[PDB]
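Q: See my_file22.tsv below, with TSV, C-alpha atoms and all ligand atoms.
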chain	number	residue	atom	x	y	z
A	299	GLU	CA	-34.50	88.76	138.20
A	300	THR	CA	-35.49	89.23	134.59
A	301	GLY	CA	-38.79	90.97	133.90
A	302	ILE	CA	-40.42	87.60	133.29
A	303	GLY	CA	-39.25	85.78	136.41
A	304	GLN	CA	-35.89	84.16	135.65
A	305	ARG	CA	-33.25	84.26	138.34
A	306	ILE	CA	-30.10	86.26	137.62
A	307	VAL	CA	-27.02	85.06	139.50
A	308	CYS	CA	-23.35	85.93	139.26
A	309	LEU	CA	-20.78	83.80	141.00
A	310	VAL	CA	-18.02	86.04	142.33
A	311	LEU	CA	-15.12	83.82	143.23
A	312	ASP	CA	-12.04	84.76	145.28
A	313	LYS	CA	-8.91	83.28	143.68
A	314	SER	CA	-6.47	85.51	145.62
A	315	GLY	CA	-3.29	84.24	147.27
A	316	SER	CA	-4.84	83.88	150.73
A	317	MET	CA	-7.19	81.31	149.20
A	318	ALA	CA	-4.18	79.00	148.83
A	319	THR	CA	-4.29	78.55	152.61
A	320	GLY	CA	-5.56	75.20	153.82
A	321	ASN	CA	-8.36	73.86	151.65
A	322	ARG	CA	-10.07	77.19	151.02
A	323	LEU	CA	-9.85	76.96	147.25
A	324	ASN	CA	-11.03	73.33	147.26
A	325	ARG	CA	-14.00	74.36	149.42
A	326	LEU	CA	-14.75	77.21	147.03
A	327	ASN	CA	-14.69	74.74	144.14
A	328	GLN	CA	-16.90	72.30	146.05
A	329	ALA	CA	-19.46	75.01	146.82
A	330	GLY	CA	-19.34	76.31	143.24
A	331	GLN	CA	-19.76	72.81	141.82
A	332	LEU	CA	-22.72	72.06	144.06
A	333	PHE	CA	-24.35	75.33	143.12
A	334	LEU	CA	-23.70	74.95	139.39
A	335	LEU	CA	-24.37	71.23	138.95
A	336	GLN	CA	-27.27	70.74	141.38
A	337	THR	CA	-28.70	73.88	142.94
A	338	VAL	CA	-29.29	76.57	140.31
A	339	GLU	CA	-32.64	75.99	138.58
A	340	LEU	CA	-33.53	75.53	134.92
A	341	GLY	CA	-33.94	78.81	133.12
A	342	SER	CA	-31.73	80.89	135.37
A	343	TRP	CA	-29.22	83.34	133.89
A	344	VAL	CA	-25.81	82.72	135.43
A	345	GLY	CA	-22.47	84.48	135.10
A	346	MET	CA	-19.11	83.94	136.71
A	347	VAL	CA	-16.40	86.34	137.83
A	348	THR	CA	-13.11	85.44	139.50
A	349	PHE	CA	-11.06	88.06	141.21
A	350	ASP	CA	-7.66	88.72	142.73
A	351	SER	CA	-6.63	92.42	142.79
A	352	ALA	CA	-8.72	92.69	139.60
A	353	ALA	CA	-11.79	90.87	138.24
A	354	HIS	CA	-11.77	88.26	135.46
A	355	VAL	CA	-15.03	87.45	133.69
A	356	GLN	CA	-15.04	83.68	133.36
A	357	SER	CA	-18.55	83.75	131.84
A	358	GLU	CA	-21.05	86.33	130.74
A	359	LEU	CA	-24.63	85.58	131.66
A	360	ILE	CA	-25.64	82.26	130.17
A	361	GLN	CA	-28.93	80.51	130.72
A	362	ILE	CA	-29.11	77.09	132.43
A	363	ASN	CA	-31.22	74.87	130.15
A	364	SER	CA	-29.01	71.79	129.79
A	365	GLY	CA	-26.42	69.90	131.77
A	366	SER	CA	-23.83	71.08	129.27
A	367	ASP	CA	-24.46	74.64	130.48
A	368	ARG	CA	-23.84	73.60	134.08
A	369	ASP	CA	-20.69	71.72	133.03
A	370	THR	CA	-19.28	74.55	130.97
A	371	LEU	CA	-19.65	76.92	133.93
A	372	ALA	CA	-18.20	74.39	136.38
A	373	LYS	CA	-15.09	73.85	134.22
A	374	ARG	CA	-14.27	77.55	134.75
A	375	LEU	CA	-14.02	77.39	138.52
A	376	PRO	CA	-10.55	78.66	139.58
A	377	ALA	CA	-7.79	76.08	139.49
A	378	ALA	CA	-5.26	78.15	141.44
A	379	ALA	CA	-4.90	80.91	144.01
A	380	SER	CA	-2.58	83.87	143.56
A	381	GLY	CA	-2.55	87.65	143.53
A	382	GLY	CA	-4.06	90.29	145.71
A	383	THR	CA	-7.57	90.77	146.98
A	384	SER	CA	-10.33	93.15	145.89
A	385	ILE	CA	-13.87	92.00	146.69
A	386	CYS	CA	-15.10	95.32	145.33
A	387	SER	CA	-13.48	94.75	141.94
A	388	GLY	CA	-15.25	91.40	141.74
A	389	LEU	CA	-18.64	92.89	142.66
A	390	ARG	CA	-18.32	95.81	140.23
A	391	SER	CA	-17.44	93.32	137.49
A	392	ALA	CA	-20.48	91.20	138.42
A	393	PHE	CA	-22.71	94.26	138.11
A	394	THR	CA	-21.26	94.99	134.67
A	395	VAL	CA	-21.81	91.36	133.67
A	396	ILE	CA	-25.45	91.52	134.73
A	397	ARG	CA	-26.12	94.94	133.25
A	398	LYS	CA	-25.05	93.75	129.83
A	399	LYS	CA	-28.61	92.29	129.72
A	400	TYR	CA	-30.60	93.15	132.83
A	401	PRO	CA	-30.93	95.46	135.83
A	402	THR	CA	-29.20	94.38	139.02
A	403	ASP	CA	-32.20	95.09	141.29
A	404	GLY	CA	-33.31	91.65	142.43
A	405	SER	CA	-30.31	89.92	140.86
A	406	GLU	CA	-28.12	87.75	143.08
A	407	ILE	CA	-24.35	87.57	143.71
A	408	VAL	CA	-22.90	84.42	145.28
A	409	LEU	CA	-19.67	85.73	146.88
A	410	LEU	CA	-17.32	82.89	147.77
A	411	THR	CA	-14.33	84.29	149.66
A	412	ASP	CA	-12.16	84.02	152.75
A	413	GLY	CA	-13.18	87.63	153.42
A	414	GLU	CA	-9.64	88.86	154.19
A	415	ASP	CA	-10.20	92.29	152.64
A	416	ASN	CA	-10.36	95.59	154.56
A	417	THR	CA	-11.45	97.75	151.61
A	418	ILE	CA	-14.99	96.36	151.19
A	419	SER	CA	-16.72	99.55	152.43
A	420	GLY	CA	-15.47	101.19	149.25
A	421	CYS	CA	-18.31	99.66	147.24
A	422	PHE	CA	-21.11	99.91	149.85
A	423	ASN	CA	-22.77	102.78	147.98
A	424	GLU	CA	-22.62	101.02	144.61
A	425	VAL	CA	-23.88	97.83	146.23
A	426	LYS	CA	-26.79	99.61	147.91
A	427	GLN	CA	-27.53	101.34	144.62
A	428	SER	CA	-27.48	98.09	142.68
A	429	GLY	CA	-30.41	96.46	144.48
A	430	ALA	CA	-28.57	93.16	144.08
A	431	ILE	CA	-28.81	90.47	146.76
A	432	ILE	CA	-25.35	89.45	147.96
A	433	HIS	CA	-25.04	85.94	149.41
A	434	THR	CA	-21.68	85.44	151.13
A	435	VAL	CA	-19.91	82.17	151.89
A	436	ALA	CA	-16.97	82.79	154.22
A	437	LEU	CA	-14.28	80.19	153.48
A	438	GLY	CA	-11.84	81.24	156.17
A	439	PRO	CA	-12.18	82.25	159.83
A	440	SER	CA	-10.60	85.72	159.52
A	441	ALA	CA	-13.36	87.26	157.40
A	442	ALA	CA	-13.66	91.01	157.76
A	443	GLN	CA	-16.97	92.30	159.28
A	444	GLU	CA	-17.85	94.11	156.03
A	445	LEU	CA	-18.47	90.68	154.37
A	446	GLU	CA	-21.40	89.97	156.70
A	447	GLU	CA	-22.49	93.55	156.22
A	448	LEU	CA	-22.59	93.00	152.45
A	449	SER	CA	-25.19	90.30	153.09
A	450	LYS	CA	-27.11	92.14	155.83
A	451	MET	CA	-27.58	95.30	153.78
A	452	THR	CA	-28.82	93.51	150.65
A	453	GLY	CA	-30.97	90.77	152.15
A	454	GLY	CA	-28.55	88.01	151.18
A	455	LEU	CA	-27.80	84.79	152.99
A	456	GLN	CA	-24.59	84.21	154.96
A	457	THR	CA	-23.00	80.78	155.41
A	458	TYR	CA	-19.84	79.15	156.82
A	459	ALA	CA	-20.38	81.84	159.50
B	1	CA	CA	-39.98	87.25	141.07
B	2	CA	CA	-7.07	87.29	149.77
Reformat the file's structure so that it appears as structure tokens.
Ligand SMILES: [Ca+2]
Ligand SMILES: [Ca+2]

A:
Amino acid sequence: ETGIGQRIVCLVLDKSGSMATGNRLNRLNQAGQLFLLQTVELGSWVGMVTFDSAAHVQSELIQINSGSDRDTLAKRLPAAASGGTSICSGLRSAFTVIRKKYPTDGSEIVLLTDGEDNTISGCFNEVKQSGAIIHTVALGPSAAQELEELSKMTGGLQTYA
């Protein structure tokens, strides 16, 4: 959070090729739309990162004060799935997005992914150091175990699992 009590949240959204399977990308978009249009509270700072093998900042931190802010974030949810997978690239990019304004300690990441990534341990240290809270939504059934561990070690919530 900010020093004055505003939530800091970065959506980290898996748009990799595996997400083309089934309805995974539609479920990601549904979850992202619910979060952006209904759940996140007035006054929160909110950023958005997509990732395949590399991270793409869809939005720097912007504050939710109007329905236009929700809408402008929701219009940037990924339309298509392609490329490789690096959860860690997406999380590092989220940390950079947050740290343009604020510390990451007590900030939140909403990680929407199928979890099919066996290199997650590679950012454990950075994640522990960040103090961020990683919420994970597993959108497939073959999620690595390190996805859960991202949540467990940061105090985040786990869902679809
Ligand atoms: Ca607080
Ligand atoms: Ca993938």

Q: In Å, rounded to a single decimal, give me how far CA of residue 415 (chain A) is from CA of residue 319 (chain A).

A: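 For CA of residue 319 (chain A) relative to CA of residue 415 (chain A), the distance reads 15.0 Å.
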
Q: Find the residues around region 303-310 of chain A up to 7 Å (all atoms listed in the file counted), leave out those fewer than 6 positions away in its own chain, and share them as a short mmCIF file (atom, residue, chain, number, x, y, z; two decimals) with C-alpha atoms, in the frame of the given file.

A:
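Heads up, here's the output in around15.cif:
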data_model
loop_
_atom_site.label_atom_id
_atom_site.label_comp_id
_atom_site.auth_asym_id
_atom_site.auth_seq_id
_atom_site.Cartn_x
_atom_site.Cartn_y
_atom_site.Cartn_z
CA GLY A 341 -33.94 78.81 133.12
CA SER A 342 -31.73 80.89 135.37
CA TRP A 343 -29.22 83.34 133.89
CA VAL A 344 -25.81 82.72 135.43
CA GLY A 345 -22.47 84.48 135.10
CA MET A 346 -19.11 83.94 136.71
CA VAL A 347 -16.40 86.34 137.83
CA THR A 348 -13.11 85.44 139.50
CA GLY A 388 -15.25 91.40 141.74
CA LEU A 389 -18.64 92.89 142.66
CA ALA A 392 -20.48 91.20 138.42
CA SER A 405 -30.31 89.92 140.86
CA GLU A 406 -28.12 87.75 143.08
CA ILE A 407 -24.35 87.57 143.71
CA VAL A 408 -22.90 84.42 145.28
CA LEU A 409 -19.67 85.73 146.88
CA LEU A 410 -17.32 82.89 147.77
#

Q: Looking at only C-alpha atoms, which of A:350, A:417, A:438, A:443 is the one that sits closest to residue 379 (chain A)?

A: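 Between A:350, A:417, A:438, A:443, the residue approaching residue 379 (chain A) most closely is A:350.
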
Q: Using only C-alpha atoms and all ligand atoms, I'd like a table of the residues in chain A that come within 12 Å of ligand CA 2 (chain B); for each, show the closest atom pair and its distance in Å rounded to one decimal, ordered by chain and ascending number, as a Markdown table.

A:
| residue | atom | partner | partner_atom | distance |
| --- | --- | --- | --- | --- |
| A:311 | CA | B:CA2 | CA | 10.9 |
| A:312 | CA | B:CA2 | CA | 7.2 |
| A:313 | CA | B:CA2 | CA | 7.5 |
| A:314 | CA | B:CA2 | CA | 4.6 |
| A:315 | CA | B:CA2 | CA | 5.5 |
| A:316 | CA | B:CA2 | CA | 4.2 |
| A:317 | CA | B:CA2 | CA | 6.0 |
| A:318 | CA | B:CA2 | CA | 8.8 |
| A:319 | CA | B:CA2 | CA | 9.6 |
| A:322 | CA | B:CA2 | CA | 10.6 |
| A:323 | CA | B:CA2 | CA | 11.0 |
| A:349 | CA | B:CA2 | CA | 9.5 |
| A:350 | CA | B:CA2 | CA | 7.2 |
| A:351 | CA | B:CA2 | CA | 8.7 |
| A:352 | CA | B:CA2 | CA | 11.6 |
| A:379 | CA | B:CA2 | CA | 8.9 |
| A:380 | CA | B:CA2 | CA | 8.4 |
| A:381 | CA | B:CA2 | CA | 7.7 |
| A:382 | CA | B:CA2 | CA | 5.9 |
| A:383 | CA | B:CA2 | CA | 4.5 |
| A:384 | CA | B:CA2 | CA | 7.7 |
| A:385 | CA | B:CA2 | CA | 8.8 |
| A:410 | CA | B:CA2 | CA | 11.3 |
| A:411 | CA | B:CA2 | CA | 7.9 |
| A:412 | CA | B:CA2 | CA | 6.7 |
| A:413 | CA | B:CA2 | CA | 7.1 |
| A:414 | CA | B:CA2 | CA | 5.3 |
| A:415 | CA | B:CA2 | CA | 6.6 |
| A:416 | CA | B:CA2 | CA | 10.1 |
| A:417 | CA | B:CA2 | CA | 11.5 |
| A:436 | CA | B:CA2 | CA | 11.7 |
| A:437 | CA | B:CA2 | CA | 10.8 |
| A:438 | CA | B:CA2 | CA | 10.0 |
| A:440 | CA | B:CA2 | CA | 10.5 |
| A:441 | CA | B:CA2 | CA | 9.9 |
| A:442 | CA | B:CA2 | CA | 11.0 |

Q: Could you check how far CA of residue 431 (chain A) sits from CA of residue 449 (chain A), in Å to one decimal?

A: 7.3 Å

Q: Write out as a PyMOL selection string the residues lying within 6 Å of residue 435 (chain A), counting only C-alpha atoms and excluding same-chain residues fewer than 5 positions away.

A: chain A and resi 410+456-458

Q: Could you dump the residues just selected with C-alpha atoms as a PDB file, in the frame of the given file?

A:
ATOM      1  CA  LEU A 410     -17.320  82.890 147.770  1.00  0.00           C
ATOM      2  CA  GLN A 456     -24.590  84.210 154.960  1.00  0.00           C
ATOM      3  CA  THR A 457     -23.000  80.780 155.410  1.00  0.00           C
ATOM      4  CA  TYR A 458     -19.840  79.150 156.820  1.00  0.00           C
TER       5      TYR A 458
END

Q: Return the single residue from A:455, A:375, A:321, A:401 that is closest to residue 429 (chain A), with distances computed using all atoms listed in the file.

A: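 Going through A:455, A:375, A:321, A:401 one by one, the smallest distance to residue 429 (chain A) is for A:401.
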
Q: Would you work out the distance separating CA of residue 430 (chain A) from CA of residue 451 (chain A), expressed in Å to one decimal?

A: 10.0 Å

Q: Output as AutoDock Vina command-line options the centre and edge lengths (Å, one decimal) of the box along x, y and z of the file that holds every listed atom of region 302-318 of chain A after adding 5 Å on each side.

A:
--center_x -21.9 --center_y 83.3 --center_z 142.0 --size_x 47.1 --size_y 18.6 --size_z 27.4
